[PDB]
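Beneath this line is the structure, given in structure tokens, with notes to follow.
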Amino acid sequence: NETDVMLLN
Amino acid sequence: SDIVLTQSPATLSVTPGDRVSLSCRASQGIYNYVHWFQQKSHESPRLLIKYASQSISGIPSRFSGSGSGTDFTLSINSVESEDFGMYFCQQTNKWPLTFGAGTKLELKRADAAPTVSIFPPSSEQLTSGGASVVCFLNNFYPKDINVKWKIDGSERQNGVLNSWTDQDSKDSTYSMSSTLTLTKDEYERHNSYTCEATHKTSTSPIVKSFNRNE
Amino acid sequence: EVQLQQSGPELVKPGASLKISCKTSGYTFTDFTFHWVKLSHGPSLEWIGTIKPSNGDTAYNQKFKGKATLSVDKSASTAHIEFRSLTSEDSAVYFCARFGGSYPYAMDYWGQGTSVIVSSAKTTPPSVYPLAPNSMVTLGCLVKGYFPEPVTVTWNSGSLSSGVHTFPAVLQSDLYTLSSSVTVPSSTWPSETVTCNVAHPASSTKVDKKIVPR
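Chains as they are written, first to last, in the entry's author numbering: chain A, 532 to 540; chain L, 0 to 213; chain H, 1 to 133, 140 to 220.
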């Protein structure tokens with residue numbers, strides 16, 4: 532889940 | 000390591016109305032973080048399904064997705080004429096974001112050997128000091144094909160320009176053009192110009208040739 | 001309606017730097033991350049990187065580190081990608097996409113694509129050569151030595167539309183070659199004339215080539 536910070540939040 | 004998405008088979012041949020399933024396999028577990036796109040010619044990719052199974056507003060109900068972990072599937076419940084083109088999967092679970100190599104959804108038809116035609120250089124080009132020899136390998140199916148040029152019985156790879164058409168909208172075949180360009184001086188040092196087409200339709204290549212001095 | 005509008009096709013020289021734009025309308029630009037994608041022969045899709053317009057955070061595909069730099073101009077709701085030291089390997093169609101829509105987001109809206117051709121070529125009109133040699143006969147036209155794309159081809163001013171294959175142009179040694187074939191019953195040629203009409207708008211060229219027996 533390393534991409535959530537950038538893509539979803 | 001970058002996540003590798005494998006889409007296999009690379010080509011699916013169907014007829015409108017068929018039910019089809021397209022596979023996208025991940026090199027490591029990516030939970031539900033797979034999205035599917037349709038892509039035609041050089042047009043923009045079009046999002047069909049997100050997060051393996053989630054529907055997109057405006058996308059026809061015939062498209063659905065399923066799978067998780069490393070095994071994903073895009074399904075078309077009755078293929079329509081507008082659906083032929085490329086399908087790419089994409090993962091967004093890890094950096095860098097990656098795509099699969101795509102599956103081509105093509106129209107199925109009967110196998111057909113290429114119609115091969117060879118052409119010597121025109122006198123107009125010869126006057127300008129150039130010599131192009133053209134071979135058309137037309138209306139064949141399936142798409143994979145190989146062309147080899149032989150000059151005086153020797154394979155020549157220098158000066159060869161190949162181009163391939165997309166699947167023909169009328170008869171579902173593929174075509175290829177191969178041009179071998181020499182100077183007029185080099186063209187006159189040889190006699191036999193041959194293009195050999197290898198295709199799944201025969202164990203023997205189709206051999207088209209001409210002799211310059213004839 | 002959400003729209004991502006990209007800048008026009010680019011014809012640039014080797015070693016140059018180029019900036020291409022992705023201008024949005026119909027929504028708040030800073031809501032979602034922008035992504036850049038390279039469409040190359042295959043077709044093949046590659047992800048270059050993403051920028052978060054709200055704060056300038058980025059993530060890049062290491063393959064494009066140095067080559068491509070992402071930025072945003074919040075004052076004009078425009079995303080940019082800048083390429084440095086351009087080579088023929090960078091000739092491709094580049095797409096921008098936002099990563100938005102309903103939660104959880106995905107690449108839902110895309111630009112129309114920007115074609116980038118890296119070449120030392122200047123505008124050059126095509127040379128149009130005839131391709132002259140069964141129950142059917144194939145004839146053609148060989149369109150060589152031109153720049154840039156596009157060249158369009160018709161047969162008998164569009165009257166001969168069946169049995170035509172016009173091949174995608176291919177750039178080789180900084181000039182393009184295109185070819186087109188037409189198949190007619192052998193009984194109709196040379197009695198019924200066959201002429202290709204070749205248009206090259208960039209050089210204000212529109213020429214006809216009648217195909218006559220050798």
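We treat Cβ as the ideally placed atom computed from N, Cα and C, and that holds for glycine.
If you drop the 5 nearest sequence neighbours on each side, which residues of the same chain put their C-beta closer than 8 Å to that of residue 138 of chain H? The residue list of chain H ends a segment at 133 and starts the next at 140, so residue 138 of chain H has no coordinates to report.
Less than 8 Å between CB atoms is the rule here; does H/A59 satisfy it with respect to chain A? yes
At a Cβ threshold of 8 Å, is L/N31 touching chain A? no
Leaving aside the five residues before and after L/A111 along the sequence, list all residues of the same chain whose C-beta is less than 8 Å from its C-beta, in chain order. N138, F139, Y140, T172, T200
Need the endpoints of the beta strand (DSSP E) that L/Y192 sits in, please. 191-197
Is H/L18 near H/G49, with beta carbons less than 8 Å apart? no
DSSP on H/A68, reduced to helix/strand/coil? strand
State the CB to CB distance for the pair H/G111 and L/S56, rounded to an integer number of angstroms; the pair is presumed to be in contact (CB under 8 Å). With a Cβ gap of about 19 Å, H/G111 and L/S56 do not count as contacting.
Might you give, ordered along the chain, the residues of its own chain that have their beta carbon closer than 8 Å to the beta carbon of residue 137 of chain H, omitting 5 neighbours on each side? Since the numbering of chain H jumps from 133 to 140, residue 137 of chain H cannot be located in this structure.
Range of the contiguous alpha helix (DSSP H) that encloses L/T126: 122-126
Cα-Cα separation, L/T91 to L/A9: 22 Å
Short of 9 Å Cβ to Cβ, which residues in the region 69-101 of chain L face chain A? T91, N92, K93, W94, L96
Report the partner residues of H/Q5 according to the DSSP bridge assignment. H/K23
I'd like the list of long-range same chain contacts for L/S67, defined as Cβ closer than 7 Å, with 5 residues on each side in sequence excluded. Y30, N31, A51
Helix or strand or just coil, what does DSSP make of H/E82? strand
Can at least three beta-carbon pairs, one atom from the region 10-21 of chain L and one from the region 109-126 of chain L, be found at a separation below 8 Å? no
From H/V170 to H/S210, what does the alpha carbon distance come to, in whole angstroms? 24 Å
Cβ pair L/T69, L/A25 closer than 8 Å: yes
Counting only beta-carbon separations shorter than 8 Å, does H/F99 have a partner in chain A? yes
Unbroken beta strand (DSSP E) run spanning L/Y186, endpoints: Note, L/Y186: premise wrong, no beta strand (DSSP E); alpha helix (DSSP H) at 183-186.
With a threshold of 16 other CB atoms inside 10 Å of the CB of H/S185, please say whether the residue is buried or exposed. buried
Who are the neighbours of L/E123 on chain C, taking C-beta pairs under 8 Å? The chain inventory of the structure shown lacks chain C, comprising the protein chains A, L and H.
Got a sec? Which residues, its chain only, sit under 6 Å from L/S65 by beta carbon, not counting five neighbours each side? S52, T72
Looking at C-beta atoms only, is the number of pairs between the region 144-156 of chain H and the region 186-204 of chain H that lie closer than 8 Å three or more? yes
Whose C-alpha, out of L/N145, L/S153, L/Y86, is nearest the C-alpha of L/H198? L/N145
Compute the Euclidean distance between the alpha carbons of L/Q6 and L/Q124, then round it to the nearest angstrom. 45 Å
Which term fits L/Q38, buried or exposed, when burial requires 16 or more other beta carbons within 10 angstroms of its beta carbon? buried
Taking the straight line between their C-alpha atoms, what separation do you get for L/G28 and L/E79? 32 Å
H/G111: contacting residues in chain L (beta-carbon distance under 8 Å): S43
Taking only beta carbons into account, state which residues of the region 17-37 of chain H come closer than 8 Å to chain A, listed in chain order. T33
Is the number of C-beta pairs between the region 186-193 of chain L and the region 80-87 of chain H that are closer than 8 Å three or more? no
In the DSSP assignment, the beta strand (DSSP E) including residue 134 of chain H goes from what residue to what residue? For residue 134 of chain H, nothing is modelled; it lies in the interval where chain H passes from 133 to 140 with no residues in between.
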